[PDB]
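A.B. asks:
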Ligand SMILES: *[C@@H]1O[C@H](CO)[C@@H](O[C@@H]2O[C@H](CO)[C@@H](O)[C@H](O)[C@H]2NC(C)=O)[C@H](O)[C@H]1NC(C)=O
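Protein chains in written order, with UniProt numbering: chain A, 339 to 387; chain B, 774 to 821; chain C, 1015 to 1063.
1) Distance, Cα to Cα, residue 788 of chain B vs residue 369 of chain A?
2) On a CA-only basis, which of B:816, B:814, B:793, B:810 is nearest residue 379 of chain A? Give me that one, please.
3) Quick one: residues in its chain with C-beta nearer than 8 Å to the C-beta of residue 957 of chain C, no 5 flanking neighbours on either side, listed in chain order?
4) Do the region 344-360 of chain A and the region 370-377 of chain A meet, that is, are 3 or more Cβ pairs less than 8 Å apart?
5) Can you find a CB in chain C that lies within less than 9 Å of the CB of residue 820 of chain B?
6) Going along the chain, which residues of the region 1039-1061 of chain C sit with their C-beta nearer than 7 Å to a C-beta in chain B?
7) Under three-state DSSP, which class holds residue 803 of chain B?
8) Where does residue 358 of chain A land, buried or exposed, given buried means 16+ other C-beta within 10 angstroms?
9) By DSSP, does residue 815 of chain B sit in helix, in strand, or in coil?
10) What is the residue span of the alpha helix (DSSP H) that residue 1049 of chain C lies within?
11) Against residue 800 of chain B, what residues of chain A qualify as contacts under a CB-to-CB distance less than 8 Å, listed in chain order?
12) Between which two residues does the alpha helix (DSSP H) harbouring residue 1022 of chain C extend?
13) Where do the N-terminal and C-terminal ends of the alpha helix (DSSP H) with residue 1058 of chain C fall, by residue?
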């Protein structure tokens, strides 16, 4: 019942692969992956007077 | 005996035919397709 | 040619696990269990969940 291992899914690209396919054993290949990074945003406001 | 129709002249005829061997390969980013990077959408998608 | 013997065993088992896993989804309801929807809501709100 104890958590044995974990993966931070935004650290590098192997971690994005493991979290995008939701498994720890990944079976040699070439894979397309998703993004799990935060990347804090800004603001672009432009209205007329 | 019997009658047989035997050729006395000929040509060469060409039949054309297409056989498909492959399709276009596509991978989809499912998270960006469904939720467009919104955290409120991504918590509602865990229920499915 | 031996890897196709195992990929039929895996295909037989992947069909059965996609049946049992759709019973723990809530699909946007308050719970994945009918006996909990019947105990927390009233008769007009039970039918929508
Ligand atoms: C088989 O058929 C072809 C075509 O029907 C004949 O070729 C013709 O020959 C004459 C005389 O040489 C020419 O005037 C025509 O222009 C030819 N036609 C074509 C389309 O090439 C050929 O002679 C025939 N063979 C026999 C043994 O009868």
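Using N, Cα and C, we set each Cβ at its ideal position, and we do this for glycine too.
C.D. replies: The structure says:
1) 42 Å
2) B:810
3) Nothing in the structure corresponds to residue 957 of chain C, since chain C is present only between 1015 and 1063.
4) yes
5) yes
6) Among the residues of the region 1039-1061 of chain C, those with a Cβ less than 7 Å away from any Cβ of chain B are 1039, 1040, 1041, 1042, in the order of the chain.
7) helix
8) buried
9) helix
10) 1048-1054
11) Within 8 Å Cβ-Cβ: 370.
12) 1017-1034
13) That run of the alpha helix (DSSP H) goes 1057-1060.
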